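Participant: Got a sequence here, can you build the structure:
(chains A, B, C, D and E, ligands or ions: 8)
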Amino acid sequence: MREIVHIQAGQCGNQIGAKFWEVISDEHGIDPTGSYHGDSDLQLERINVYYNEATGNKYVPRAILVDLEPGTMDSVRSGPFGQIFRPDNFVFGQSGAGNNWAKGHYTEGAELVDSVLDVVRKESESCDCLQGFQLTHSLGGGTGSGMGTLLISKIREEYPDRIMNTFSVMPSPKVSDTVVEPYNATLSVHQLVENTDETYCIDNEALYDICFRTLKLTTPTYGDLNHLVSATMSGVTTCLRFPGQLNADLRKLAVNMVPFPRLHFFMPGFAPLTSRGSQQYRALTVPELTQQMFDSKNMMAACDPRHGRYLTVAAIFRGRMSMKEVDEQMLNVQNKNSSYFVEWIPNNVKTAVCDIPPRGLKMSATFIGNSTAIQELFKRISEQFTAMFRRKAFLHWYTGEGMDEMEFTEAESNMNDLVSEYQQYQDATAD
Amino acid sequence: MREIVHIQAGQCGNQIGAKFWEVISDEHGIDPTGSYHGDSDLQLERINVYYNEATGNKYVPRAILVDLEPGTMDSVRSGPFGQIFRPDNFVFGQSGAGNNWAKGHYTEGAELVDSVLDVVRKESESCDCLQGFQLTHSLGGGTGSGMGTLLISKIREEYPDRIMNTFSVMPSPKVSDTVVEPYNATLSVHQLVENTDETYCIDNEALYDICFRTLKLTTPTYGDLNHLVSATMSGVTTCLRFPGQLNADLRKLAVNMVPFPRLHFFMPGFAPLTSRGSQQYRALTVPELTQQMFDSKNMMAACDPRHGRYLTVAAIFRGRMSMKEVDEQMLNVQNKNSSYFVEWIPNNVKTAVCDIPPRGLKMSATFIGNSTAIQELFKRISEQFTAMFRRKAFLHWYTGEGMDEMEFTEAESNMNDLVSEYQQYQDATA
Amino acid sequence: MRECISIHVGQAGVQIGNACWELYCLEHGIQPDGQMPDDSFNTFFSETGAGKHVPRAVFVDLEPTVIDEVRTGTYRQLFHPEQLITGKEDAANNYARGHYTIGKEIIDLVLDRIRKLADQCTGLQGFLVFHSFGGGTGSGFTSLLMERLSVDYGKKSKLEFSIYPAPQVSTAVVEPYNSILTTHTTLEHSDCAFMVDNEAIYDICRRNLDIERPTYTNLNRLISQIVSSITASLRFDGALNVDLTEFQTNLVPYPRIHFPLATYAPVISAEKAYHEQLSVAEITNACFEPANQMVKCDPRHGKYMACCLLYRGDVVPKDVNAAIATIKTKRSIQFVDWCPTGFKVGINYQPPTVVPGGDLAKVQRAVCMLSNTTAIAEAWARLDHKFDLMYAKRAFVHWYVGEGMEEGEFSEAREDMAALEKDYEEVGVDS
Amino acid sequence: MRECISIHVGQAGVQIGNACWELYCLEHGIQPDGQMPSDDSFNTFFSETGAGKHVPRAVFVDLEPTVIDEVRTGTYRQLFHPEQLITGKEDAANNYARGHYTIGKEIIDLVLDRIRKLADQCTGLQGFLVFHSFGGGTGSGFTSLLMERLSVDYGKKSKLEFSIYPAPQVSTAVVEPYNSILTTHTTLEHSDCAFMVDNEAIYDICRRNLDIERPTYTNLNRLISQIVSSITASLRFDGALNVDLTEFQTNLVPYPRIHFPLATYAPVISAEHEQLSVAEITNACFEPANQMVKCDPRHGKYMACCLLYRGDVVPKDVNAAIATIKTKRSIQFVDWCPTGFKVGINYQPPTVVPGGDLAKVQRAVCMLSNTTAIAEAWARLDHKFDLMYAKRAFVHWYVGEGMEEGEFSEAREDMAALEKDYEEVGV
Amino acid sequence: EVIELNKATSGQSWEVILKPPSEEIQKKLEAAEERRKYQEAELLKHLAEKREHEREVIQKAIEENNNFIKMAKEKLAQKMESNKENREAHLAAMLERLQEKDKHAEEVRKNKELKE
Ligand SMILES: Nc1nc2c(ncn2[C@@H]2O[C@H](COP(=O)(O)OP(=O)(O)OP(=O)(O)O)[C@@H](O)[C@H]2O)c(=O)[nH]1
Ligand SMILES: Nc1nc2c(ncn2[C@@H]2O[C@H](COP(=O)(O)OP(=O)(O)OP(=O)(O)O)[C@@H](O)[C@H]2O)c(=O)[nH]1
Ligand SMILES: CCOCc1ccc(C)c(Nc2ncc(-c3ccc(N4CCNC4=O)cc3)o2)c1
Ligand SMILES: CCOCc1ccc(C)c(Nc2ncc(-c3ccc(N4CCNC4=O)cc3)o2)c1
Ligand SMILES: Nc1nc2c(ncn2[C@@H]2O[C@H](COP(=O)(O)OP(=O)(O)O)[C@@H](O)[C@H]2O)c(=O)[nH]1
Ligand SMILES: Nc1nc2c(ncn2[C@@H]2O[C@H](COP(=O)(O)OP(=O)(O)O)[C@@H](O)[C@H]2O)c(=O)[nH]1
Ligand SMILES: [Mg+2]
Ligand SMILES: [Mg+2]
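Facilitator: Numbers count the residues shown, from 1 in each chain, chains lettered A, B, ... in the order given. Ligands and ions are numbered 1, 2, ... in the order given. Below, you will see the structure:
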């Protein structure tokens, strides 16, 4: 279990995907040309997980860039680290998806999917031990949501033995006025419940609220939201990228975090929450770091964890700190908040500590929780879905691509089942 | 009737066996190299009974050393008289018996038995007139008990015309090595009742009690117990080793001591009981020697003689003493304790006197009694056996070797019959 | 003659194996290159025509990173490359992958390497298997190996050293599932198993060695001292010795009842300087103190079935017999009514060896007691309870069923554990 | 000329034989090398070689070699031809069945051949004198086998026994009562006259009359040899009473089964006192303290009485001594026998072994009387037999050697009939 | 009354009367030899039965070991077969679900053409 193949689909997927590669390249000492100019030998130990080594001692991201319109991928190419990517790995259409899930999944995207699979196949074959795939995308658009879930289905068919992991951005009316986002999200969730092993739920509702309320940005932009996403993505992949006691791999994460196959949607959390390109004048203590990452204000999904129970938790502390103090604080949190952790899953909170802190922070903490409170996110999308579907609003956009109203009813039904399953385990008792 | 072939099996058998050869070699003037450096011509008169004469005028024990593990026999070889033994007579395996009677009797020991019989046959053929065999072993282990009884069986088949005599060490929880000792002992007694002519019952329970109570040794060791065993073994074989009026042989002993074939388990006794190394500051009188040898405290089998009756007795006094006084005291003992001797076996107490005393004592007495009180020893093993067998505890170690639970039931049954046979003659009237 | 083959499976098995073989080398004066400038040590070490002393051991793991440290470490020259066997990816903490999916790919190779070692034996005593209960490899692969060893070597004795899981140092949430599954499968193939509770060792390191937060190295060094005491009777020619066959016959009254409780004394910090040397009576009495046990349980409220005392160092039989005589007169140590003479004593003259740069203090005499007590059924009860909490909801079961296992194997294994706990109740009942 | 062949069986037979032949040599002036520098009467017991050597007409037999090996290497080793001393490899282990059936069968033909060689040198063989113990496995078992074979090979010849009756004070085995009854039963119809010697009587005579605190077999045998010599003196000198073996039967045995005379000897004086008269030594013949078998003739009946004198004795003194005994003592004969005595006098005085315990005397007497009181000795032995046999104690040792349990009861029934015979004759 | 005075050179004898009055062996030895020979024969036959039991024990131990190996071989073959069948079925069901998705997607694209 070593190599991971990264895929980024649609506008959102490519935007957060580019930011991910910019962040981890900096951490690993990789410059925009692909040359290593770092100092620590630990930066290169597990570099092969995300980078291929090319001639001239260059490091090239094992990334595949996908979009049904050339626009975003021209912006990526022109970006800061745009020249680091393998030019043959840019697979794009011309048509666009027009925020239509049916266009991305059944028509325009289905014509491009085979071209993408050729690049996936080429990357996968160059892996000594492929762990799996990591996809970045939004669920509200048409390419990331529609074509992204079509890609997952196709990859699953060809590599049923590998792990499928996604960073899925959930839509919010606060951030986007495109009315069909609840349709695209419900249709996508329907696919994710069946075809992914683990999904990180990145809610734009939560990211907007953090920017607006906590960071006091009156008018948050996507650049501001993406700073929180790139912070989360760096944190949740630290264990994969750096040597540690936890011999971290994608399968072991699924095995220990997912007690029931469909309940694989994680609520990520981060501490400290910081604003873009801003200097942090103070270091956060271990008790502060611990309190903050378990607080509702620090969750990347707009769900109050105190409204549910944690099935399983994985914490990662970064920076030079007392491991004795981390252990004491984590024990304290569990003892004081015992009613928020299911009693029937013994030893359900795991903690890891990495010496390397992220850029701009002397210490930080990332949280990955499998909480039954995530049903609040799906209920929100479901309510928005019903409001539109009861009137058959904008439905001609989807039926015009060949879809049937039956598929909408089934996707809504499956998401309603997902909600009631989270509720079942929320209510479950040890006795 | 001259030569005796000695065999020592397992850890216990080889430990007491080595001590036996150290003791009698000293008495016969034989040093660890095998050379005679004594003074008395009487030391050599009957030395052919236990020793072969080798080139260079050397004396070599007619002894065969057996064990299923090399450990104990390396310790024997390194011991004080270890170099006296014939190197070709060390027969050992590598496996060990793991205190399992079934391993010694049926599997590991059965693979070594033919190698031992080859050495026995070689020693037997060099005898002008072989009288029989003498085996030293414990009944609680796996080699001495399991393989020792297998050897007895094989020897009886090849030499049915010879006497089989054993020095059998009985187990006790007071001095224990394994939890399965009661199983091993019951299975061995089952063999001994059928295949031996005379068995000297050396009870570790008795030896421990003598060391603890009489000799005041708070923590008795095997070395302390073995001092009492070597003293007994020296005494019991004095008549065979030295010239005397009693033309002593193994067959005549069985003929006069064993009225019923199965009742051949003797209760040995010794006086004075002395501790290892510490110097007896006073000589014991003939009346004191007589009283002590018949005292339950001096018996080497944990049985009260006053709880049964003597079928037959053989007493041997050693040292320069009044034979008139020995006769008077022996008669007095019989007249005063008449209710402890069966009335239906006339003149059942024989006494012998040897001029040569043992090392460190001016006078001593050894006793060999065929008493019905020995049933107490067998009842003790039987109780310990039942306590485990009722729960089938540790049985899988024996059935794993091919044994059946039937074999345990039969051995227990035969020992229970032996007990009721002793009781029958204890109640018998003239 | 009388050889013993050690098999180290998975991370815990391998890492403990490193600590044991390092200690054995120090005890016998064997250098890391195999050069030795008694002969009883040949039971564990073979000899080459070049005078090199090679362990009769096999190290197996489904992932290479643990065994790779042995291959590049201090003792790399000690082992023949063919004794160190590794796969490509581990069992991902899943019993089903260690037993079927991944394990099946390497089992034949392992058996062939064991056959090569067995061919060099002129009187093989049996096997010593080191593994964890919690690992996917330690649980799954060990079960598969034990079943195959019973086919290839029939009734040849097989002894285990099993690491029982603890929350303080756990690695996976599904450890109770792996523990019950391996215990069920291995039960009829193991002759005697020495369990080591990681919590007991952790507590001993914290209390007796003043280590605030013990590491696996700390835990393994203490474990290796206990394993060394158990095997010293095979590697040295002392006053009173115990072969593998003498352990089993004295400790196991019933085939299923084969789990002795190990206790070791004295455990003293190297940093303590006024403690005068402890007598045979003092160290023997320490064997009946729960603070010195390898498994957390209460023998005072249980019955003894067997007791084995393994002494090492300046010890004479007179002092041992006196110490055992006082233990017999203690009413607080109750034996079952069917066990008349419950003691087996062994003495090895060679004093306890301590690793340079270690935590333990050098002592004149030490003892390890192996007792068969009904109180050990407390360890099963705690593990079975953790299993029941999860299994009642079928949490994580899909990971095992996904690998071809049937849900029925879980209840079959659990029923066997319920029967085992019932067996310990019945053996304690008076006749 | 009429020859006598002596047969010594087992340890007791052999060792007594040594004492007898040593005494005979001293009485006849024969040296240990066989030379006699000198009366043809001694030729009844000694043959002569072309070298002038006088050789005993005797055979020594034992199933084990160590007793006869002492004869082979002893003072009198030159006296006997090697063929006269016969030994086996292993003894009868105090077992009649082992001596009679198992071990005895291996040497019987060889013994008979050596006896036949001696018999061929006789121009008028009288018969045999057999020495043996009742208690030994050889003395009991082998003797009874030999007696049966001698009756087949030598029909009309007399066979006299000198049997050692067992005593607890000097016993060697617990099963001696079994061996005694078994041999007595088997030998009864083959013996013409048997002189029993109770070891307890000889032991007590040595303690009381010779002041020996603990008598040895040498002490016992030297006294026994004096009595045997008194009995056989008439056969070795020109005597007039008991001049042939048949005369013992004639003078002492009225009924074939009742053939056990009681011997009494006087005087027995310590070598360490004016000479005793004919009256004094004759009066000592009727004292139980001088008997060879412990019993009370005063409470029994006599059938025959023979007085054998040696030394300075004249008939006038003997007749006077008997006349006063008649008037002073109550000595009761059976109503069918005459109350009287056959008297023999041999002018040759008793010889004593140099370095012995007995004092040399001017005159001595040995009385041989056939009294019913001797049935007390049988009663004592039968009682000991009954005590053990009731429990079948030790019987397996005999049955193991091929004997059947029925032989025990057959032998015991014969003893019960013998005791009944003494009662019928003495009532 | 003294009668019958007999004289010889070594001495003399007389009588004094106080008052007058008023193949078969061979047959027994051969019958005993047949009894000893019979007893020994039966004891050695008893010992031959002992040797037969000893053979049966060591051979039973071999037969139990063989049966232990055989049952463990069958049990393992059973486990690995049931596991392969289950894995084959789980993967077959997964591929069938994805074949159904492909059939549905073609229907969607076919439906799009009809809407023109
Ligand atoms: N005492 C001790 N316990 C250990 C060690 N390594 C792991 N463990 C324990 O063993 C269990 C985890 O099993 P592992 O041996 O690490 O894993 P594995 O056998 O390699 O299996 P997979 O990696 O899942 O395929 C947990 O209870 C750990 O705390 C070690 O060196 N010593
Ligand atoms: N008077 C006398 N009795 C003896 C002599 N030797 C042995 N006896 C007695 O004879 C009886 C035993 O018979 P033994 O003559 O010793 O034995 P055995 O006839 O040679 O037969 P085995 O039993 O085969 O040795 C005992 O009562 C002895 O006390 C001896 O020289 N003189
Ligand atoms: C705890 C650090 O987790 C961050 C993290 C992020 C991403 C990945 C792929 C990993 N990988 C991973 N390998 C092993 C584990 C792992 C995670 C959680 C646990 N769990 C959660 C409940 N109780 C446990 O022991 C046990 C093992 O997680 C780990
Ligand atoms: C007399 C004490 O001797 C002890 C002794 C030890 C060892 C041996 C082999 C012997 N051997 C031996 N040969 C003959 C006897 C012998 C022993 C006992 C008796 N007994 C005891 C019961 N009544 C007897 O006359 C009679 C004879 O004993 C004798
Ligand atoms: N956080 C975040 N959300 C984005 C970004 N760009 C677009 N989105 C969201 O993505 C959804 C629309 O999908 P989009 O990726 O633009 O279209 P696609 O190209 O058809 O996949 C809406 O919910 C937007 O708010 C971005 O850079 N960051
Ligand atoms: N008296 C005595 N008993 C011993 C000695 N050594 C062991 N034992 C006893 O022998 C029994 C165990 O048998 P052992 O001879 O050690 O084992 P084996 O080698 O398998 O025959 C137990 O009853 C021990 O107490 C010893 O030297 N003297
Ligand atoms: Mg591992
Ligand atoms: Mg004799």
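
Participant: residue boundaries of the helices in chain E?
Facilitator: Along chain E, the segments classed as helices by DSSP state H run E:24-114.

Participant: Spit out the contact partners of the residue in it positioned nearest to chain A.
Facilitator: When scored by CB to the nearest CB, chain E has residue E:112 as its residue closest to chain A, at 3.5 Å. Heads up, the C-betas are built off the backbone N, CA and C, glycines and all. Applying CB atoms under 8 Å, 6 or more residues apart in numbering or on different chains to residue E:112 gives the contacts A:106, A:107, A:400, A:401, A:402.

Participant: how much space is there between the closest residue to the third one other than its chain neighbours and residue E:103?
Facilitator: Closest residue in space to residue A:400, ignoring its immediate chain neighbours: residue E:115 at 6.6 Å, by CB to CB, 6 or more residues apart in numbering or on different chains. As judged by CB to CB, to the nearest Å, residue E:115 and residue E:103 stand 19 Å apart.

Participant: Of the contacts of residue E:112, select the buried ones using a PyMOL command.
Facilitator: In PyMOL, a selection of the buried entries from the contacts of residue E:112 looks like this (16 or more other CB atoms under 10 Å in any protein chain shown):
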select buried, chain A and resi 106+107+401+402
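
Participant: which one of the contacts of residue E:112 is nearest ligand 1?
Facilitator: Ligand 1 lies nearest to residue A:106 out of the contacts of residue E:112, by CB to the nearest ligand atom, at 41.3 Å.

Participant: Centre-most residue in the chain?
Facilitator: You didn't pick a chain, so chain A it is. With distances taken as CA atoms, centre = their mean, the residue of chain A nearest its centroid is residue A:167 (2.0 Å).

Participant: nope, chain C please
Facilitator: So for chain C, CA atoms, centre = their mean, it's residue C:161, sitting 2.1 Å from the centre.

Participant: Next, the buried residues of the helix or strand where it lies.
Facilitator: In the assignment (DSSP states H and E), residue C:161 maps to strand C:157-164. Neighbour counts using 16+ other CB under 10 Å place C:157, C:158, C:159, C:160, C:161, C:162, C:163, C:164 of strand C:157-164 among the buried residues.

Participant: again with stretch A:23-37
Facilitator: Result for stretch A:23-37 [16+ other CB under 10 Å]: buried residues A:23, A:24, A:25, A:27, A:28, A:29, A:30, A:34, A:36.

Participant: does any part of it sit near ligand 3?
Facilitator: No. Stretch A:23-37 lies out of reach of ligand 3 by CB under 6 Å from any ligand atom, never closer than 13.4 Å.

Participant: Give me the contacts around that stretch.
Facilitator: In contact with stretch A:23-37 (CB under 8 Å, 6+ apart) are residues A:38-40, A:43-44, A:47, A:50-51, A:54, A:57-61, A:80-84, A:230-231, A:233-234, A:237, A:241, A:356, A:358-359.

Participant: Name the residues of the stretch 101-250 of chain A found near chain C, please.
Facilitator: Within reach of chain C by CB under 8 Å from any CB of the partner chain, the stretch 101-250 of chain A has these residues: A:129, A:246, A:247, A:249.

Participant: give me every residue that touches residue C:223.
Facilitator: C:16, C:19, C:196, C:201.

Participant: which among these are in contact with ligand 1?
Facilitator: Counting by CB under 6 Å from any ligand atom, the subset of the contacts of residue C:223 that neighbours ligand 1 consists of residue C:16.

Participant: can you redo the contacts of residue C:223 as JSON lines with secondary structure and neighbour count?
Facilitator: Output for the contacts of residue C:223, formatted as JSON lines (DSSP: H, G, I helix; E, B strand; the rest coil; neighbours: other CB atoms under 10 Å in any protein chain shown):
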{"residue": "C:16", "secondary structure": "helix", "neighbour count": "24"}
{"residue": "C:19", "secondary structure": "helix", "neighbour count": "21"}
{"residue": "C:196", "secondary structure": "strand", "neighbour count": "23"}
{"residue": "C:201", "secondary structure": "helix", "neighbour count": "26"}
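
Participant: could you dump the contacts of residue C:223 to a markdown table with distance to residue C:406?
Facilitator: Below are those laid out as a markdown table (distance: CB to CB, whole Å):
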| residue | distance to residue C:406 |
| --- | --- |
| C:16 | 32 |
| C:19 | 38 |
| C:196 | 31 |
| C:201 | 35 |
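
Participant: and which of the contacts of residue C:223 is nearest to residue C:42?
Facilitator: residue C:19 (21.6 Å; CB to CB).

Participant: wait, does stretch C:174-181 contact ligand 3?
Facilitator: No. Applying CB under 6 Å from any ligand atom, one finds stretch C:174-181 out of contact with ligand 3, separated by at least 8.3 Å.

Participant: Which parts of the stretch 151-300 of chain C are strands?
Facilitator: C:157-164, C:192-197, C:261-265 (DSSP state E, counting those that start in this stretch).

Participant: Nearest to ligand 5, out of those strands?
Facilitator: Nearest to ligand 5, of all these, is strand C:157-164, at 45.7 Å by CB to the nearest ligand atom.

Participant: Tell me the spacing between the residue nearest to the centre of chain A and residue D:308.
Facilitator: Distance from residue A:167 to residue D:308, by CB to CB: 142 Å.
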